[PDB]
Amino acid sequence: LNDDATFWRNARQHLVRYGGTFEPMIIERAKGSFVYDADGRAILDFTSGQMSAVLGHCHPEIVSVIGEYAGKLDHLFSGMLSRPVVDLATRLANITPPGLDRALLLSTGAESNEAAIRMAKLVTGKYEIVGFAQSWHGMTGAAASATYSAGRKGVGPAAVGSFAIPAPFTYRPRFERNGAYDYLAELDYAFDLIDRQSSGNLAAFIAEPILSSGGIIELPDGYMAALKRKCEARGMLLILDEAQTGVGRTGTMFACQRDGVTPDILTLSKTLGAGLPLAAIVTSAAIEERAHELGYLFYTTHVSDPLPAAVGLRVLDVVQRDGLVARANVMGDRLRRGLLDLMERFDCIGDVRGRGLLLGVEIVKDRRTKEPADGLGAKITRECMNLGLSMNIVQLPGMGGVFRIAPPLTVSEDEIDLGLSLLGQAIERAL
């Protein structure tokens, strides 16, 4: 039983609490789209862990690779190159759109964003960073300063030159021009204000193609193109944070491919390492060249370590070989349609959004007032788990609670059906 008093005594006694609450089970094993508790109860992992288990838990190839290098080439002095590092860097260049040539292989998402923000600052000679008011880039210094969905209070001033602009949210529109929600005019309006505040040091804009932590908010048609233009006109770099959207999850290898807009710096992390700590930034030869001329520095312990890189290489290997990107579209459509049927049945579902296998379900009280359902989400979230479905809802100011659904790209048709099943029972049960 998960009721181990010794276990719980120790957790309570010696663990730093870092946000949220700990689930009241002891996870003993993981395999595929499932995690198993102390009792052996299977919990369908509909969030891919912390949205990282792209190939699901303990993928046989991952296991082989890990063991493979665990005992061959593990960690090295950061000035030393090895084959998995060069092969991974080469692959990343090869699969990203034209204009992205060179990579830096790191350990975490926040770290990847910090490396990119630092590079943007060096190269422009400027320092003000612009992000979305609903963004999430990490907990570390720069990454945090650019995070507005949470964490900005009680911890001192943010980085000097921190600005946010509102993200375009079609479900809950707030800017109109002739009865219509003009998200492009809003963008213009937002930048005018920025221009007036700036000290003349705009260095970059950082963005998620789809704001996950933010509420599964997809940037609408033509927006990214418009944003890049705004950056271009001001001498700013565009940094795209694809921690959650990269590596096939949305149906394209990279979210920026769908829009056809290639950023100046691309960051990857969660999906790339497939549960392991690996991250990266990819930039153009030109930007890297200037950063170099200028003495760019981002020297860490694990930068360019062979093991994680070797892991990243195999992950891309199987995503491509198993056509997991297309898969994401087909399973996504199946999962998406199911959610819509649920929305046909329950008035508590106000919106179903997202792309590929990065979906969101926004819970409301009045499916006309679009009033956030106070506590209903937590209840639902609660019943799912009883029911054996791991979910994750996010609650932000002014919106309804949002369920973030992101199962492994390896998820089965039966597994998708299971989740839909359980979700309905959880709903009817929580109401």
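All residue numbers are counted from 1 along the displayed sequence.
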Point to revise | Mean Cα B-factor comparison, 110 to 118 or 303 to 311, giving the higher one as deposited | key: 303 to 311
Practice item. With reference to the PDB entry, specify whether the mean Cα temperature factor is higher for 372 to 380 or for 400 to 408. Key: 372 to 380
Check your understanding: Which of these has the highest Cα B-factor in the record: 260, 332, 360, 131?
Key -> 360
Check your understanding: Should residue 9 be placed in the lowest, middle or highest third of its chain by the C-alpha B factor in the entry?
Key -> highest
Practice item. For residue 136, return the chain-relative third of its C-alpha B-factor as stated in the PDB record: lowest, middle or highest. Key: lowest
Review point. Taking the C-alpha B-factors as the PDB entry records them, is residue 245 in the lowest, middle or highest third of its chain?
Key: highest
Exercise for review: Determine, from the deposited record, the chain-internal third of the Cα B-factor for residue 67: lowest, middle or highest.
Suggested key: highest
Review point. Which third, lowest, middle or highest, does the CA B-factor of residue 390 fall in along this chain?
Key: middle
